[PDB]
Every structure is written in C-alpha cells, then in structure tokens.
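Below, read A as the first sequence line, B as the second, and so on, with proteins coming before strands; counting in each chain starts at 1.
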Amino acid sequence: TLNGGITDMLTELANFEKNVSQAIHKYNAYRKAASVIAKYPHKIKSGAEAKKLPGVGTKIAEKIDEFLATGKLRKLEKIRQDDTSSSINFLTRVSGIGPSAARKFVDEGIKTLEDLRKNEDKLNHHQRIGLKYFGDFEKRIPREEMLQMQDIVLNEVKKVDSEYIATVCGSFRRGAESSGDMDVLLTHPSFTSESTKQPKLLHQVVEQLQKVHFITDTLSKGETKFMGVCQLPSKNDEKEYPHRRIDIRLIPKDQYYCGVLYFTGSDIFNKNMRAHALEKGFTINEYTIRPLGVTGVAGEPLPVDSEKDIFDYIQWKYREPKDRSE
DNA sequence: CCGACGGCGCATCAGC
DNA sequence: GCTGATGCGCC
DNA sequence: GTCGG
Ligand SMILES: [Mg+2]
Ligand SMILES: [Mg+2]
Ligand code: NA
Ligand code: NA
C-alpha cells in the first residue's frame with residue numbers, strides 16, 4: 001500500500017457512483033483505476049504519472065494531483081456532507097439493500113440503523129438477515145478461522161456423499177491472510193453439463209450443514225446456488241464467533257476449471273480477464289470458454305483441461321491464484 | 001468522437 | 001401459473 | 001470515467 005490514500009479516494013468515489021449516482025460503469029472505471037494503482041510498485045508523485053497506467057485517464061489524474069498537493073479531495077468532502085448521499089451509502093451497506101431500495105427507504109425517513117430496527121416488516125428476508133448480522137458482516141475472517149470452517153465443510157460434505165468435492169475459493173484460494181466471507185465450489189459426478197442424474201444435490205449439503213449448526217440462516221437458495229450465513233462452534237465459556245457469509249455454488253463436474261477460475265476471482269481480475277477474452281474474440285463464463293463467431297454469436301464450448309488452458313486461449317501467461325488479487 | 005464496458009443465479013414483480 | 005424485466009448478490 | 005477504433 002504505497003498509494004493507499006489514492007486508492008482509498010478512488011474506492012470511495014467508486015462507491016458514490018454505485019450507490020448514489022447508480023452509474024455502474026463509473027463505479028467500474030474507478031475500481032479498475034484503483035486496482036492498477038494498487039499494484040503499481042512506486043509511490044506516485046503526480047497525476048500525470050498515474051495517467052500512464054491503463055485505466056487512469058484525465059479526470060482521475062486531476063483528482064490525484066489535487067489529492068497529493070492538499071491531502072484531500074473537495075469533491076469527496078462535499079459528497080461526505082450531503083445527508084442524502086451519506087444516508088444511501090449507509091443503507092446499501094446492509095446485505096440485500098442496494099441503490100434502489102436504499103433511495104426508496106430515505107424517501108420514507110427510514111435512514112439509520114435504528115430506523116431499520118423498528119421497521120423489520122418493511123424488509124424482505126435477505127434484508128432482514130443482513131440487518132440481523134450487520135455488525136458481524138463488517139468483520140473480516142482470519143485464515144486460521146477459514147481453515148477450521150474448511151475442515152467442517154469438507155468433512156460434512158464427505159459424510160453426505162463421499163464423491164462430492166468441495167473447494168474453497170475466493171480470496172482464501174488466493175492465499176489471503178483474511179477473507180470477507182467463505183466461497184465454496186461444489187461438484188458431484190451425478191451433475192454434469194449433459195444431465196443431472198440426481199436431484200437435490202445442493203439441498204442435501206445445505207441441510208447437512210444446518211443439521212450440524214454450521215449454517216444458521218439462508219439469504220437465498222436455488223438448485224445451483226446457496227447464499228446464506230454460517231458460524232464456527234465456540235468452546236465452553238468462550239464468546240461466540242461472529243456470523244459469516246457463506247456462498248455455495250454447485251457447478252457441473254466437467255466444467256470445474258471454468259467454475260474454479262470464476263470463483264477464485266478476484267471480481268476485478270475476472271472483469272479484466274473476461275474483457276480480454278472478448279478482445280481476443282472469445283467469451284468466458286463460469287462454465288465454458290466459447291469463440292466469438294463472425295457475426296457476434298458464441299460458438300461451441302472449447303475443450304478445457306486445466307485453468308491454464310483458459311489462459312492459453314486468450315494468450316495470457318498463467319497466473320497463480322495468489323497473483324489474481326486485483 | 002463515441003460505442004461498449006463480464007456474466008449469470010435467485011427473489012420479486014408486472015403483465016398476460 | 002408462465003415469461004421476461006429489474007434488483008441485488010457473487011467472483 | 002476510460003479506451004480503442
Ligand atoms: Mg469471499
Ligand atoms: Mg461470499
Ligand atoms: Na491511462
Ligand atoms: Na447492500
């Protein structure tokens with residue numbers, strides 16, 4: 001974090017554009033600039049030096065110059081004083097409240113943690129649970145705790161059926177010392193791109209993890225994705241562990257590499273990699289990499305035998321999970 | 001200049 | 001109920 | 001907001 005002030009500034013601006021302006025590309029441009037500045041291995045001395053980086057343009061260079069000379073950004077100071085922007089930015093922090101629901105709550109004077117707490121009946125289920133664990137969800141997970149959570153999830157999955165493979169992805173798989181939540185890829189031989197020879201493959205794993213009190217709440221649940229809450233068990237007289245967001249994603253077994261690429265991330269790495277795919281005339285999702293056709297239509301799935309194959313197609317040297325933290 | 005920016009799962013809603 | 005759009009989330 | 005065409 002040589003340019004910590006700068007990238008904090010940009011992230012804050014990205015958050016404004018997402019939550020308040022609802023200008024998603026502006027959010028993206030900012031997060032992108034932030035990301036390329038974050039791995040730039042020199043302490044930046046000027047806007048004009050940052051502008052050299054791909055993703056830093058004119059406006060962001062000016063902001064960088066204003067930030068370096070004065071330690072501040074006047075544009076952010078204003079945004080920070082605005083009641084309506086601070087309100088919206090705060091509400092969107094609850095999982096399940098985004099830009100639209102946030103603005104809509106303000107329209108009604110529901111705008112503080114205390115307002116939300118007297119008004120649970122105006123929240124859908126996801127939002128009610130996000131408010132419930134509001135504080136907990138702010139806390140990072142140390143790797144040590146990620147490691148116990150893993151043994152639990154790997155062992156319980158093996159118990160339902162010895163042929164499920166669960167793989168912890170996300171920043172954990174990227175070797176991060178702490179993680180915002182747990183991301184779990186799940187496969188079973190019965191579920192492939194050809195057929196689903198067994199129903200409830202995801203359900204059964206969820207039920208199991210509820211039966212051991214590991215999974216405590218559900219934000220959303222379908223046939224391939226679970227989005228919910230979990231908690232490590234604590235010992236006699238210990239304060240409890242914080243509750244933690246868990247995400248479980250069931251992926252056809254023969255598409256494990258595109259799935260594990262996807263779920264390892266980071267989000268920005270994915271966006272850039274996928275963006276580059278397109279320039280190379282391919283498209284990648286969590287399932288397959290397909291060529292782009294002359295017209296603009298996705299051709300057939302290309303054969304993939306490792307994460308590296310995916311990189312090969314798009315003419316990128318391999319990058320280990322730990323080098324994907326953009 | 002100016003079009004395009006990654007891709008998709010689930011909850012929810014409107015319109016039929 | 002179905003189908004498709006919009007909201008929100010995941011990386 | 002930035003970039004390639
Ligand atoms: Mg995570
Ligand atoms: Mg997660
Ligand atoms: Na640039
Ligand atoms: Na939110």
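- Position along DNA chain B of the nearest nucleotide to A:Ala275 versus A:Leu202 favours A:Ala275 as the more 5'-ward residue.
- The separation between A:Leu278 atom CG and D:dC3 atom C1' is 15 Å, rounded to whole Å.
- Taking atom NZ on A:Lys26 and atom P on B:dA4, their separation rounds to 19 Å, with Å as the unit.
- Here the P atom of nucleotide B:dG6 and the CZ atom of A:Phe282 are 18 Å apart, to the nearest Å.
- If you take CD1 of A:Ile37 and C1' of D:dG1, they are 12 Å apart, rounded to a whole angstrom.
- Summary of the strand contacts: A:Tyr287 and A:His25 both lie near DNA chain B, and taking for each the nucleotide with the nearest heavy atom, the more 5' one is attributed to A:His25.
- No contact: A:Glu17 has no heavy atom under 4.0 Å from any strand.
- Contact annotation: A:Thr224 reaches the phosphate of B:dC10 (side-chain N/O to OP1 or OP2, under 4.0 Å).
- Atoms CD (A:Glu279) and P (B:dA4) sit 14 Å apart, rounded to a whole Å.
- Regarding contacts with the backbone of B:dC8, a side-chain N or O of A:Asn285 is found under 4.0 angstrom from either OP1 or OP2.
- For A:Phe16 and D:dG1, the CZ to P distance is 10 Å, given to the nearest whole Å.
- Nucleic acid contact class of A:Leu219 (heavy atoms, under 4.0 Å, all strands): none.
- As judged by a 4.0 angstrom heavy-atom cut-off over every strand, A:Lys32 is placed among residues making no nucleic acid contact.
- For the ring-ring contact (aromatic ring centres under 6.0 Å, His included) test, residues two or more places apart in sequence or in another chain that qualify with A:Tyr40 are A:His42.
- With rounding to the nearest 0.5 Å, the separation of CZ in A:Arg319 from CG in A:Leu261 is 11.0 Å.
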With the sugar-phosphate defined as primed atoms, P, OP1 and OP2, and the base as all remaining atoms, what B/S/- string results for nucleotides 1-11 of chain C, 5' to 3', for protein heavy atoms under 4.0 Å? ------SSSBB

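- Taken to the nearest 0.5 Å, the CG atom of A:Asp115 stands 7.0 Å off from the CD1 atom of A:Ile110.
- The gap from the P atom of B:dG9 to that of D:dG1 amounts to 32 Å, rounded to the nearest Å.
- With a 6.0 Å cutoff to the six-membered ring centre and a 45° limit on the axis angle, A:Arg249 does not count as a cation-pi contact of A:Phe226.
- Here A:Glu286 lies in heavy-atom contact (under 4.0 Å) with sugar-phosphate atoms only.
- Rounded to a whole Å, the CD1 atom of A:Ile248 is 15 Å from the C1' atom of B:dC10.
- Closest approach of A:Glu326 to A:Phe269, counting heavy atoms only: OE1-CA, 3.8 Å.
- Neither side chain, A:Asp254 nor A:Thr192, offers a donor N or O lying under 3.5 Å from an acceptor on the other.
- Atom CD of A:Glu223 is separated from atom P of B:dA11 by 11 Å (rounded to the nearest Å).
- Here A:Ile24 lies out of heavy-atom contact (under 4.0 Å) with every strand.
- Counting non-hydrogen atoms under 4.0 angstrom, A:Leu53 reaches the backbone sugars and phosphates but no base.
- Under the 30°/60° scheme for interplanar angles, the aromatic rings of A:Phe282 and A:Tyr313 are found to be tilted.
- In this structure, A:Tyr30 reaches the sugar-phosphate backbone alone: every heavy-atom distance under 4.0 Å involves primed, P, OP1 or OP2 atoms, never a base.
- Atom NZ of A:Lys63 sits about 11.5 Å away from atom CG of A:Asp65, to the nearest 0.5 Å.
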